[PDB]
Each structure stands twice: as C-alpha cells, then as structure tokens.
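[1] structure here, sequence nowhere to be found:
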RNA sequence: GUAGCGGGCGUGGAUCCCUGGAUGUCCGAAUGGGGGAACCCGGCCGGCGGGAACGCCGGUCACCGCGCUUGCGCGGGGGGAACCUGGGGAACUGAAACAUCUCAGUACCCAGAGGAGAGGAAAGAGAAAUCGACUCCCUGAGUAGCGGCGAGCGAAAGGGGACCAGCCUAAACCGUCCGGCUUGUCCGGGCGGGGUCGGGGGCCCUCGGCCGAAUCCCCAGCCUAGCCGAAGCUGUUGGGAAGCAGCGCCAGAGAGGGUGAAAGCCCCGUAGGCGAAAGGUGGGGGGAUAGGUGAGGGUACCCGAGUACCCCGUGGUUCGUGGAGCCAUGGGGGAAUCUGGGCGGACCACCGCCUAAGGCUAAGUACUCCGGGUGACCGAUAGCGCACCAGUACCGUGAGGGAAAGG
RNA sequence: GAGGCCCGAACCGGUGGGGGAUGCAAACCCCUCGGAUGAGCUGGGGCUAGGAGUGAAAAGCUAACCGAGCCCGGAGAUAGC
RNA sequence: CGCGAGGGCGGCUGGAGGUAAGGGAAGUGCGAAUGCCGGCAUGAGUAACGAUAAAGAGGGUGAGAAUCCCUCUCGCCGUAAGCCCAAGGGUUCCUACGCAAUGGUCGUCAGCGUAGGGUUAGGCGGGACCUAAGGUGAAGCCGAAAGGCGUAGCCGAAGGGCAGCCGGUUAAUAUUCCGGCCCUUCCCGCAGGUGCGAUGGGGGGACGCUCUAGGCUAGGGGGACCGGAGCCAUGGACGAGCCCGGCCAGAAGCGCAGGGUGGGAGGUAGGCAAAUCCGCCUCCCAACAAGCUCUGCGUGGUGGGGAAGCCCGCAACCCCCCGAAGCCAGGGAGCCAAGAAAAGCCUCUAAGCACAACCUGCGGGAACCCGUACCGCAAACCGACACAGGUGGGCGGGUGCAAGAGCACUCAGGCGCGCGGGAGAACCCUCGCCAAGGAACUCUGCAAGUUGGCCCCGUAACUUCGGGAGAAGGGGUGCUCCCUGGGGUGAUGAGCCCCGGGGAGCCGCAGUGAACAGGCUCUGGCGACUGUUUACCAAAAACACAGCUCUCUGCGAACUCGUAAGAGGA
C-alpha cells in the first residue's frame, strides 16, 4: 500500500509540453491524493520534488447506460531544478 | 452475459459445483466529533518519508441496562413478506333520515416477541353420585341470550378429534456474612438450607422403601456437491426422420425435455441403488447429570396487602342499566391466615366447588420473504406493475405515481 | 435642509383601452396609468400546516381550480340516479 | 347440409400442431357504456413556422447550400441585445471526424452523433477560525407509546476575522502555470531581551437613519505640447492640417491628506476580593495640540505594456480641466423609531513554571482538504418547447438637452431574432393625413387628439393657515458679432472650466426646429390623508390608519398556543 498512489503517466500534448521543465502529471489515487504524494513519487523515480498540484475528472458515455471512468484526481510534480529524468524522451 | 482483438491456463488434473477460512474502501443501528448518507475534522499509543512542523499507516475512543471500589465483564440499539401480543384507535357505510346501536376493537399508529407469538396447571367450570392446565379443528348453535327487543350481534357447558407436561418460588424455621442503631442477645439488607398446598408446610417425639429431565452429551437419520443406471438395425419419401414399411429388443425404466418433423431402446433423464473429508440439523432409539422418593401423634408458628372486601367512575363477556353476578380497575374506605378467603347470575340461608393478591412451561396452532412439487391456471391488451437491463423510463418539490417493449 | 412632501428613471405595481383567445404566454404584448426615504423594494439563512397556519380581511394565500391542500390507506364508501 | 346460430366441400396461404363419438367444466359469444388500450382516418396540403432590428452581392468548401466559411456593403442594440460575479445547470468547453434523428425550412452547420483532449492556488472562495436567527442536544422537566420542551456543549453565513498586485502564456485554465516586485502562518537553530503563563477578569471588536466638510483616486474631456507610418481625393486646403497613440504595477524611505488617543502620582465597600488590569473617587501639570500609533494617496530602485500605418509585420509615454455614490472612515452635524453576537486582537493576574515559557532579530526549513471547463437577463437556470414571460450583485464610454442611470445618435463589444420568394384584392392588426363642421358619437368624449422642457411675468374663491399653485392666462427660446460683472485651479496675469448681464444683426412656415415632454376649469357624492386588497374578471365609497370610547387585567396579570412541561404576553 505504498505505490498504489501513482497510477499511470498522463499523455496529452499538454502533458508532454510539461517535460520542458516542471515534470508532467500522472493519474494519482482519487483520495489519499494528499498533495503529500511527493514523498511518494520521489521514492519511486528517485528525485527531489519541489511542488505539487492536483485536479479531478471523468465524463459520461452512451448506449444502454452512461457514467465513465471515475473522477481520477491527477497532477504534475515539479521535480528539482534539472534532475527531470526518465520517461522524458520516452513517447516524445 | 462472446463479438473483437491482446495475451494466457489446463489429465504435472484447470475451469466449474459443495464446505470452511481469508481479504473485505466508504455510508447505513453507525457507535471519536461533525454532517446537507456515502464527505469533513480530531484525542491517546505505535510505525513509516530526510521528518520538527506536513502527510499518510495500524489500534483504539457512542450512549443505555444489568452484576465486582472505580476499572471493569456480560447485554442492548437496526432490519424482516405475512403471521403474533400489547398500548392507542376512526369514518364512510347499515339502521332505506339519525343521535343509542352498526361498521368494529376493523383501518391505521406505536411498542414488543420469534420461528412462531399467545395461552397454560384451577380462588376454574356448572348441576352432572360430575369434569379436571392450555391451545387448535368438528359439533353444540344461529341454540342460549343481547338489542331505539330496530337494524343487527351472538356465546358457554357438554360430545367428538389433534396434541399431551408438568413445574419453581414468597412466608414459618436454622445457619452465615455485612451496615446501622437508643451498645438491647434487636432491627432489616444479601446469600445457603428448608418449603410449595385442597389442604399443605414449620417446629417437636414415633415407624424409612426410587422414578426422571423441557438441560448436557454420543451415534443413527436427514440437509448442504455428486455417481451408477436396461434395450435398434435396415430400407424409404423428405430440406431435415424420431414418420412410413420390415424384422427386433429393454422394462422395478412406456414421467418429461431435447435432437432439422410424431423416438421406451439417439442425448439428458426416468424406475431402482449407491455417496461426504467438511458444516449444519438431529431423543426418532439409546447413555449421563439436575431434581424428585414414606406413614401417625401434639402446639394451635407460615401460607403472597394498600390486596381481598364495600362504595363511586368504567372496560371485557351474548349482557346496550337490566333482577346484573363474575373477570378486569382510576378514586375513596380498608381486613383476615384455615373458627381463614373467593365462586355456583341481586340478597339471605342451606348444599357443593376452588384456594386470589409471585414466576416458568414443550406440543398440537398461524403465516409464506425463502426451496421443491403439482394444476378440467394465464399464455404477452393475459399472467405479477415488470417473460425484455422495471419499481426502470417518464411524472411529481415531496410523500408518491408509474409505462411500453417477447418469437 | 425637515417630510408615510412633489415631478420623474431604476425598482415595485397593475388604472383605462386595443391586441392576444388551438396564445409568445395555463394571465402575455403595446400604449396609458399608481408608488418611488417608506406602513419601501430586494438577496441569502431561518420559523408557522390542513378545521391547522398566515391573513392592512377577499373566505384571500398555503407548489398553475382551496367555504377546508396534496399523497396513500378504510375503498370495490354509498348512489331509491 | 341446417328454419337459424352454425356445420361440411373445394381452391390459394400457412408450416406444427390438432383433437371424434359420448360426456364433464367454465374468466364462454360485444355495436353502442362521452367505455379502456392500440392503429389509422376527417378537417388539410388548410392554420401555423414564436416578436416588423433588414437585408444584398462576390468568392470558398461541397453529392447537394437563400440557410456553412470568408470578404465588401446595409441595418439593430450600446444604464444593452456589451463586459464581470452569484445561483442553478452538469461537459453544454476545445479539437477531428460526421448528418439518420434533434433544429418548426435547409443544412456541408450546431449547444446534435462518435472519439480525444481540457479545469493546476499557503495569499481567490470555502474547511483544520468566530458567532446570528434557528437547529441539535449530555443534564433537567413533561408526555399512553411515538414523542414535546431544554442548560451546557455543538451546528449554523452572503455577517466578523485572515496574507497578491502587474504582465505573459494555451485550441481549451489562470490572482492557480511563468516573470517581476510584495506578503502569511506553523517548525528548528542562533543572538539579544522580559515574570512567563487561560476556555477565567477587563478593554476592544461595536454598528441606526438623513444631511454633510477637506483632501484624494477611479473615471472622463482637452492640448497650440511628444512620437508617429503615412493621406491631399471631388472645387479649395502643402495647413500651428488630417490621422493614430500619448499609460500600468511597484517595497523600505520620503513627502500630503486623514482616523485613533490626554500624561501623572496615590488611594479603593466592585468586576462572584486572585490582578500592579478595568471601574470608581483625590490633586501637580496638559488642554480649540504635540507626541505617539494606524490607514489612504502621491513618489518611489525597478519591471511591464506600448496604434494607426502598405509589403506582409514600425517603438513615445508630458501639461492643464472636470471629477465621484469609491477612499482616508471608527470624519462631522441633526433627528427619534434609539440602532447583533462571538472569535481573532491587547492587557491582568490563577493554578503551575521559571534548565520552562514568552518578545524582537536573522538564517534553514514546513505549508494539507474542497471549488476552479462552459452557460449565466438566457437556446445551457425556472417556465413540457431553441416558449415575445420570470431571475440577485458589480462595470456600464462619447456628444447634445437645465439635470440625470432620461431621450437621440454612436465607441468597445455584440447582434439582423433557424423558412423563404412574389404579388400589391376584400378584411384584420399597427401607423400617418384629411375639406367644412366640431361631441352632433356614445351608457360615457371610451379612444384619439390638443398641452407638453427650462427662464420671466402673472395668478381667485376657500383654507386646518402648510396649502389650494404647474391655479388660471401669457411672453421668451435658434445663429452671428460687440462690451461687461463675479466664481473654482493656477499664481494674484495666461490658458482651463463655472454661473450671469447688457446692445446690435442674420435666416426660415416653424429655434425645447428631431426624441424624452401636463390639456384646463366650475360644481356634487364617498372616503380625511400616504397606504392595503380579491396571484388568474372586482383596487373601491371595502381593509388599514393616527384618534375617541367601553371593557378585562395587581403580575405566577388578563389573553393565546400546548394533554403536559412550557412558551408568547414581557
């Protein structure tokens, strides 16, 4: 119950654009989302996170019913000045 | 739930089916506190990240009722289709108006009980040299009665059946521990022993002989998966044989469904017969604890109190004020302990019945959320509101209303 | 520089007329009108209920028909029509 | 073949059930119940297509367009028909594909269909802060059960309280991301200082309406001045022309406006005796201040932004004037109806502790949860609809008119209302005009007209004396030129605005030349008056109203609600 926080890297133009500097966001855990997911990502990608931000989401979809995904909380960790590493050049 | 990629696992016995276990976010009796259910915020102990601020992680903290010196240990709370008991408790209607009466102690509301609930071992019944807890059914009986004697309401005993079961206490009397007091060989609180009645029990002397749980146990048996199960070929028309035609065969199995059309013998089955490591259940038959086991003779110590009883006000019963008891009981008065007290329809007197004011008690009875089996039951405008992704869509602030649609 | 003062926007209202009448609308539009520092208007948060509430009082209002709301139930009320 | 209800036969269709004689059972026979459910008709190619703000054309794309994109014209809003915020709504946001249906037409389009994106906060708004009404509710009171009151406590906001301004970024977010400048809390270490220390005491927080002063700022108007690519048209103008732009934020420190506040020194029956803190008494000084505090505004190191202009892309920033409803703010004056609470915040001592703890500094650190798309006077909310209706707050430019949020035109910005095309009848709606006459109309001058603003004359009865008063009834208003009186800021002189006054003279039918914009009088009834009322036929002479009278009520009041407790009265 220590990694079940970071879920998947997010992938959108906006997502990648981030790489430039302040890292990108990964879909985190709805709750326990605690912006304190810093000593969470830095224990997985081994780095210094200097700032965190968070959001929410998921829409509907049709046919016979509705309601999509969840309402995933999610958002970018800034990472120290320069250490920005791994997964960067990966996928673009 | 198939359709698809994309990957994989199985006789090294998968998937599946039964049994037990594990994990089980958050809200909900909801129980750390809050709150606009599913969210927000905290105490205390411990552990994570460099961790002091921050943040996660695991425990743990509601309140109420009973029993031990302060902490504790047992319990409660909410839900459930009906069925059940109690506490409250209508009107429409009927009376061809309406007020008594009726509907009706019904509808509903509330509390509570549980696989049932209730009731239950006589202060009974009622005329029988009588009967012998209670409940249920059939009668008795639309009788007896009740009733603006209208409308209408309506027993009980007795007789058939189902079931079958009986039991503890309070008080005399003895012992013991404790805290109060007028430090009196006394008062009452708690345990133990005794004692449970149509007549008995206590206490003194005289004579001493066993049945049996409603509670604990064990196995059977029965649920909760399964396994075995007989007997048919050829030809022929047909899109398709189970039809038709010719020879058979099984049968404790000729119930049923299914297979391209109408099959006992093709498939699943059916008759019949086997199966449980595990968990439920389980006197039906048996083991063991609990507990219970006699007869006379004497005092004249006990036998359930604001009770009986009488009176005023009411309720229940067939009983509506009636000649109106009995059973309940709000108010007032207020006893006795077997030379006691209640009842047998005012009241007396006879004659007889029964032992009030403490409690428990199986079964036979009721119901159908749930599982199975049948139907001179429906077959999609029917049958449940739903055969289908329905208490949905849609409607309504809300309570609530509530479809259509199968091949 | 006073005022239940005056004219007049906003804002509140609803006088008269026309139109509308299977409407733009289950009360509307146009012109014209009343009030407009007050017994004013208005947002937000609260409280009062069915023989009851509220009512500067019309039996008015209480979720588009109120001389007794709506829903479910008694219920297949009763109907000499 | 049966009298008939029906019963057989035959032919096409259909493709899997059916059911004799003779009998038995019923949910057993439909044309009507304004029956119920479904389907389909008639009216009918008829009415309508939802505001009379308005359209046209050229290019594009495309199977196909009046209806989609682009361009140029025209028109309509402009206290909006424009921007920003709440609520509510929940992806309607942006992008790529699409048109069956949904759009009252069309559809290449969309708020529609499929898919993928998008919402980033210590300082914004909420919560780990405060209380209001009122809820809830340990105790406690009361009720047949449900349950009713209710102390403390808790909950409860648009009210109190608390630290971010200016730019830049994306298709879609931004006070959230980025830059610049500026802050707030917690924690730790260090240095230097003090009696430290509450849920308890005190102060404070802290308040009405109307009217107002002085300074500011927002906002807006000028310029002969600053810098500008440029343009001379159509008769003239090479002009001190025309045209565009002439700011924003910003610490400490400076200035300018304010708001707060007496300083002492002793006593003390109070603040549930604990305070050297309040509160009260006493007396040296002091006083329409100073000082000390605390705001706002300028200024500020500095950063930011920066048009019109052709090809397809150039770099100032000053000077006056008007000027708030906003700010300094808890300012002032006046009045009667006499105008929240609590916390944060100061201060005072208690327990306890002083090796704690606080206070100021400086450095390092730490800083969670929720909201953030988009619509938002509307086609995204409430009205069954893409409904001419309903919906709280802020901003809301310019000129002109006495003023203004009015009226007319117009900036920015946004719209031309999701059917069109022709005709050019009756009739209907809405609108303009009319000879002569002027209420003859009609229930009625209903309706429509006339009048309309401002300045100056001038105005009766009656009166409660305020008022009848805009009584009535008149005259003036435009434009040019001349002289002249005071004002505000400058500075006392100049521009700049602000109110006047006096003479001439010009033109038209007409000078508030358009739009906003009273017709009046005499006399009765009723009701004093402003008010209120039947949401959706009655706005009144009805209700109310100050005011008068009768009457109940001595306080555990009477009276009302409730079974009661209890509450209202108060």
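    The structure has been received and is ready for your questions. Numbers count the residues shown, from 1 in each chain, chains lettered A, B, ... in the order given.
[2] hmm, residue A:79 is touching residue A:52, no?
    No: with contact defined as Cβ atoms under 8 Å, residue A:79 does not reach residue A:52; the gap is 10.1 Å. Every residue, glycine included, has its C-beta placed from N, CA and C.
[3] which one of these two has more residues nearby?
    When residue A:79 and residue A:52 are compared for neighbours, residue A:79 comes out ahead with 22 against 19, by other Cβ atoms under 10 Å.
[4] dump the residue contacts of that one.
    A:22-23, A:47-50 (Cβ atoms under 8 Å, 6 or more residues apart in numbering).
[5] of these, closest to RNA strand D?
    Distance to RNA strand D across the contacts of residue A:79 (Cβ to the nearest atom of the strand) is lowest for residue A:22, with 5.6 Å.
[6] look up how far residue A:66 lies from the closest one.
    The gap separating residue A:22 from residue A:66 is 35 Å, by Cβ to Cβ, to the nearest Å.
[7] of these two, who's got more company?
    residue A:22 (17 against 9).
[8] which residues touch that one?
    By Cβ under 8 Å, 6+ apart, the contact set of residue A:22 is A:51, A:76-79.
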